[PDB]
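**Q** First the structure, which I've put down as structure tokens, then a few questions once you've had a look.
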Amino acid sequence: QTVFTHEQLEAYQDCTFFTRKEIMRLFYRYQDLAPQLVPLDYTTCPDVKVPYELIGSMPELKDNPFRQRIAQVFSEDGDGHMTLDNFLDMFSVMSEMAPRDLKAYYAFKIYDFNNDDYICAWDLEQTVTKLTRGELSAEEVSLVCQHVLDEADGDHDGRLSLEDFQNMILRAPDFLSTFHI
Amino acid sequence: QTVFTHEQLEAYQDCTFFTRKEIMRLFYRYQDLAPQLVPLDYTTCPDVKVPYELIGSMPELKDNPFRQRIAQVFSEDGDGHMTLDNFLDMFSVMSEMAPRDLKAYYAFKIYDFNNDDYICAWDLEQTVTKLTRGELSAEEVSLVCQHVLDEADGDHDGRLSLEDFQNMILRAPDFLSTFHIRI
Ligand SMILES: [Ca+2]
Ligand SMILES: [Ca+2]
Ligand SMILES: [Ca+2]
Ligand SMILES: [Ca+2]
Ligand SMILES: [Ca+2]
Ligand SMILES: [Ca+2]
Ligand SMILES: [Ca+2]
Ligand SMILES: [Ca+2]
Ligand SMILES: [Ca+2]
Ligand SMILES: [Ca+2]
Ligand SMILES: [Ca+2]
């Protein structure tokens with residue numbers, strides 16, 4: 001391994017859910033996104049960002065309806081252009097090892113399309129339309145979002161706080177997760 | 001390849017979601033588990049089971065908290081010891097090609113631990129405890145199970161029918177589905 005110093009690999013393992021072997025694999029994925037831009041020596045702490053377009057188009061994200069928001073939220077400046085640090089943070093949260101309540105924390109940030117710390121009916125409608133791939137009628141999307149609010153809006157102000165949202169997820173385990181390899 | 005007749009491979013391609021070639025390669029995986037137990041000629045339909053202990057050690061299952069229940073449900077006799085047909089059926093349902101409505105049916109079967117056709121509060125507790133993998137306290141699991149029942153139990157008999165379970169899954173979006181990305 002000639003990319004990082006021992007210390008900086010220990011730090012990545014300390015601040016993500018990944019093993020050293022996983023950090024190395026993901027580094028090479030990141031470098032391969034923009035091979036004429038990303039250097040192969042990170043021991044000098046280069047300041048490098050891969051443009052959003054080359055992140056969102058990667059195989060693991062290109063079909064995710066929230067790829068732009070995901071990259072924005074994890075990017076250093078909120079514009080989707082990502083350092084290696086940002087990239088590893090993103091995939092650490094997306095990994096199998098991340099607790100569900102932690103995924104729910106970042107999902108809130110991603111679905112809060114206007115970054116006002118609430119998921120309102122408009123944020124919900126955008127989210128549900130995206131999640132459902134545009135196959136529901138705008139009229140039916142709106143009705144689904146009404147249902148979610150009636151269930152989860154604990155203080156009846158018509159919108160979901162972070163706590164509203166995380167507790168909704170907590171009460172809804174992923175019963176179909178068993179039947180996947 | 002002298003493992004199967006043309007008609008056997010056609011029947012497997014029909015009933016599973018796999019191609020003939022994928023069936024052959026799944027056979028290699030089954031035979032690999034117990035290579036002096038599983039014969040190479042299946043044209044006579046030999047009666048052979050691979051023990052649960054070998055099934056549950058597969059990578060597809062060894063880290064799945066429900067591996068015992070999965071093997072039990074797909075096994076011919078409910079003990080986790082699997083014929084080739086059981087093995088193919090299991091992988092077919094677990095495959096990406098399997099419709100979500102079919103995965104939901106088998107999820108219900110697996111979570112119905114005592115096979116009495118309902119998910120009661122005890123089944124649900126065992127299920128949610130396994131799905132949350134220690135992330136929740138026992139107290140939190142109980143509170144979640146009571147909520148799940150209260151919201152999904154259509155006829156308020158205190159248990160989930162297959163209809164109740166199906167409607168629950170259909171009722172709301174998986175808000176975290178877009179946050180499971182392996183690399
Ligand atoms: Ca390439
Ligand atoms: Ca908002
Ligand atoms: Ca609220
Ligand atoms: Ca078929
Ligand atoms: Ca072997
Ligand atoms: Ca039962
Ligand atoms: Ca699990
Ligand atoms: Ca009730
Ligand atoms: Ca309700
Ligand atoms: Ca019921
Ligand atoms: Ca009652």
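Labels used: A, B, ... for chains in the order of the structure tokens, numbers from 1 for residues in each chain, and numbers from 1 for ligands as shown.
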Show me, as a VMD selection string, the residues of chain A whose atoms get within 6 Å of chain B, using only C-alpha atoms for the distance check.
**A** chain A and resid 94 to 95 171 179 to 181
**Q** Let me have all residues with an atom within 12 Å of ligand 4, counting only C-alpha atoms and all ligand atoms, laid out as a list in words.
**A**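 Protein and nucleic-acid residues within 12 Å of ligand 4: residues 9, 10, 11, 12, 13, 14, 15, 16, 17, 18, 19, 20, 22, 23, 88, 89, 92, 93, 97 and 98 of chain B.
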**Q** Given the selection you just returned, output its residues as a file containing N, CA and C atoms, formatted as a PDB file, in the first residue's frame.
**A**
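Once written, out_25.pdb looks like this:
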ATOM      1  N   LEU B   9     -34.044 -29.663 -17.048  1.00  0.00           N
ATOM      2  CA  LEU B   9     -33.537 -28.303 -17.087  1.00  0.00           C
ATOM      3  C   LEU B   9     -34.607 -27.334 -17.567  1.00  0.00           C
ATOM      4  N   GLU B  10     -35.445 -27.765 -18.519  1.00  0.00           N
ATOM      5  CA  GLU B  10     -36.574 -26.937 -18.925  1.00  0.00           C
ATOM      6  C   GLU B  10     -37.530 -26.700 -17.762  1.00  0.00           C
ATOM      7  N   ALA B  11     -37.885 -27.763 -17.026  1.00  0.00           N
ATOM      8  CA  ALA B  11     -38.803 -27.594 -15.899  1.00  0.00           C
ATOM      9  C   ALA B  11     -38.229 -26.682 -14.822  1.00  0.00           C
ATOM     10  N   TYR B  12     -36.912 -26.723 -14.599  1.00  0.00           N
ATOM     11  CA  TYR B  12     -36.323 -25.843 -13.588  1.00  0.00           C
ATOM     12  C   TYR B  12     -36.297 -24.400 -14.063  1.00  0.00           C
ATOM     13  N   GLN B  13     -35.945 -24.194 -15.330  1.00  0.00           N
ATOM     14  CA  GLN B  13     -35.965 -22.853 -15.888  1.00  0.00           C
ATOM     15  C   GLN B  13     -37.364 -22.288 -15.813  1.00  0.00           C
ATOM     16  N   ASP B  14     -38.380 -23.124 -16.093  1.00  0.00           N
ATOM     17  CA  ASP B  14     -39.777 -22.706 -15.979  1.00  0.00           C
ATOM     18  C   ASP B  14     -40.082 -22.241 -14.558  1.00  0.00           C
ATOM     19  N   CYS B  15     -39.901 -23.123 -13.578  1.00  0.00           N
ATOM     20  CA  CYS B  15     -40.517 -22.857 -12.282  1.00  0.00           C
ATOM     21  C   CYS B  15     -39.717 -21.862 -11.457  1.00  0.00           C
ATOM     22  N   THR B  16     -38.395 -21.823 -11.616  1.00  0.00           N
ATOM     23  CA  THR B  16     -37.571 -20.839 -10.924  1.00  0.00           C
ATOM     24  C   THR B  16     -37.419 -19.582 -11.776  1.00  0.00           C
ATOM     25  N   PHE B  17     -36.738 -18.572 -11.236  1.00  0.00           N
ATOM     26  CA  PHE B  17     -36.416 -17.375 -11.996  1.00  0.00           C
ATOM     27  C   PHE B  17     -35.065 -17.483 -12.688  1.00  0.00           C
ATOM     28  N   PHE B  18     -34.479 -18.672 -12.733  1.00  0.00           N
ATOM     29  CA  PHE B  18     -33.153 -18.838 -13.287  1.00  0.00           C
ATOM     30  C   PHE B  18     -33.219 -19.362 -14.714  1.00  0.00           C
ATOM     31  N   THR B  19     -32.132 -19.124 -15.454  1.00  0.00           N
ATOM     32  CA  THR B  19     -31.890 -19.777 -16.734  1.00  0.00           C
ATOM     33  C   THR B  19     -31.349 -21.192 -16.527  1.00  0.00           C
ATOM     34  N   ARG B  20     -31.334 -21.977 -17.620  1.00  0.00           N
ATOM     35  CA  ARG B  20     -30.740 -23.305 -17.544  1.00  0.00           C
ATOM     36  C   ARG B  20     -29.290 -23.233 -17.067  1.00  0.00           C
ATOM     37  N   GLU B  22     -27.783 -20.896 -15.247  1.00  0.00           N
ATOM     38  CA  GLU B  22     -27.761 -20.542 -13.831  1.00  0.00           C
ATOM     39  C   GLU B  22     -28.143 -21.721 -12.948  1.00  0.00           C
ATOM     40  N   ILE B  23     -29.047 -22.572 -13.426  1.00  0.00           N
ATOM     41  CA  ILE B  23     -29.389 -23.781 -12.683  1.00  0.00           C
ATOM     42  C   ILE B  23     -28.188 -24.718 -12.598  1.00  0.00           C
ATOM     43  N   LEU B  88     -32.763 -24.818  -4.908  1.00  0.00           N
ATOM     44  CA  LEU B  88     -33.058 -23.950  -6.037  1.00  0.00           C
ATOM     45  C   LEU B  88     -34.197 -22.998  -5.716  1.00  0.00           C
ATOM     46  N   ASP B  89     -35.245 -23.511  -5.063  1.00  0.00           N
ATOM     47  CA  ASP B  89     -36.408 -22.682  -4.721  1.00  0.00           C
ATOM     48  C   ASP B  89     -36.009 -21.539  -3.788  1.00  0.00           C
ATOM     49  N   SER B  92     -34.054 -19.027  -5.703  1.00  0.00           N
ATOM     50  CA  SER B  92     -34.955 -18.335  -6.618  1.00  0.00           C
ATOM     51  C   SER B  92     -35.715 -17.213  -5.902  1.00  0.00           C
ATOM     52  N   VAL B  93     -36.260 -17.509  -4.726  1.00  0.00           N
ATOM     53  CA  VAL B  93     -37.005 -16.487  -3.983  1.00  0.00           C
ATOM     54  C   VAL B  93     -36.075 -15.390  -3.478  1.00  0.00           C
ATOM     55  N   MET B  97     -34.429 -11.291  -9.101  1.00  0.00           N
ATOM     56  CA  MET B  97     -35.502 -11.415 -10.083  1.00  0.00           C
ATOM     57  C   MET B  97     -36.849 -11.705  -9.443  1.00  0.00           C
ATOM     58  N   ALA B  98     -36.860 -12.148  -8.197  1.00  0.00           N
ATOM     59  CA  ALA B  98     -38.107 -12.535  -7.554  1.00  0.00           C
ATOM     60  C   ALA B  98     -38.964 -11.307  -7.278  1.00  0.00           C
TER      61      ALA B  98
END
**Q** Taking 6 positions as the minimum chain separation for residues in the same chain, which residues sit within 10 Å of residue A:26 when counting only C-alpha atoms? Answer as a PyMOL selection string.
**A** (chain A and resi 18+20+32+84+87-88+91) or (chain B and resi 183)
**Q** Compute the set of protein, DNA and RNA residues whose minimum atom distance to ligand 9 is at most 8 Å, using only C-alpha atoms and all ligand atoms, and state it as a list in words.
**A**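 Counting only C-alpha atoms and all ligand atoms, the residues within 8 Å of ligand 9 come out as residues 150 and 151 of chain A; 150 and 151 of chain B.
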**Q** Write the residues of the preceding selection, restricted to N, CA and C atoms, as a PDB file, in the first residue's frame.
**A**
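What follows is the written file again-v3.pdb:
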ATOM      1  N   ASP A 150     -50.051  12.416   9.301  1.00  0.00           N
ATOM      2  CA  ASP A 150     -50.972  12.022  10.363  1.00  0.00           C
ATOM      3  C   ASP A 150     -50.315  11.025  11.303  1.00  0.00           C
ATOM      4  N   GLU A 151     -49.444  10.167  10.767  1.00  0.00           N
ATOM      5  CA  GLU A 151     -48.830   9.126  11.581  1.00  0.00           C
ATOM      6  C   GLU A 151     -47.660   9.672  12.397  1.00  0.00           C
TER       7      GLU A 151
ATOM      8  N   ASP B 150     -50.557  -2.528  16.401  1.00  0.00           N
ATOM      9  CA  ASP B 150     -51.662  -1.584  16.510  1.00  0.00           C
ATOM     10  C   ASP B 150     -51.992  -0.975  15.159  1.00  0.00           C
ATOM     11  N   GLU B 151     -50.984  -0.756  14.315  1.00  0.00           N
ATOM     12  CA  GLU B 151     -51.225  -0.086  13.046  1.00  0.00           C
ATOM     13  C   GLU B 151     -51.636  -1.051  11.945  1.00  0.00           C
TER      14      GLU B 151
END
**Q** Of the candidates B:149, B:5, B:158, B:69, which one gets nearest to residue A:172 if we count only C-alpha atoms?
**A** B:149
**Q** Extract, using only C-alpha atoms, all DNA, RNA and protein residues at most 9 Å from stretch 45-59 of chain A, discarding same-chain residues fewer than 4 positions from it, and format them as a list in words.
**A**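 Surrounding residues, per the criterion: residues 4, 30, 31, 33, 34, 37, 38, 39, 41, 63, 64, 67, 68, 71, 72, 75, 79, 80, 81, 82, 83, 84 and 87 of chain A.
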**Q** Counting only C-alpha atoms and all ligand atoms, what are the residues, protein, DNA or RNA alike, that approach ligand 11 to within 10 Å? I want them as a VMD selection string.
**A** chain B and resid 153 155 to 159
**Q** For the residues in that selection, give me C-alpha atoms as a PDB file, in the first residue's frame.
**A**
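part.pdb, freshly written:
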ATOM      1  CA  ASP B 153     -53.748  -5.565  12.647  1.00  0.00           C
ATOM      2  CA  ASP B 155     -59.317  -7.063  12.336  1.00  0.00           C
ATOM      3  CA  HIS B 156     -57.849  -6.266  15.780  1.00  0.00           C
ATOM      4  CA  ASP B 157     -57.492  -9.936  16.753  1.00  0.00           C
ATOM      5  CA  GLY B 158     -54.012  -9.153  18.130  1.00  0.00           C
ATOM      6  CA  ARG B 159     -52.099 -10.873  15.355  1.00  0.00           C
TER       7      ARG B 159
END
**Q** For residue B:116, which of B:72, B:31, B:44, B:161 is the closest residue, counting only C-alpha atoms?
**A**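 Closest to residue B:116, using only C-alpha atoms: B:161.
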**Q** Excluding residue A:139 and residues on its chain fewer than 4 positions from it, collect all residues at most 12 Å away from it, counting only C-alpha atoms, and give them as a ChimeraX atom specification.
**A** /A:125,128-129,134-135,143-146
**Q** Neighbours of residue A:1 within 12 Å (only C-alpha atoms; same-chain residues fewer than 2 positions away dropped), as a list in words?
**A**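 My list of contacting residues is residues 3, 4, 5, 6, 9, 20, 21, 23, 24, 25, 27, 28, 40, 41, 42 and 43 of chain A.
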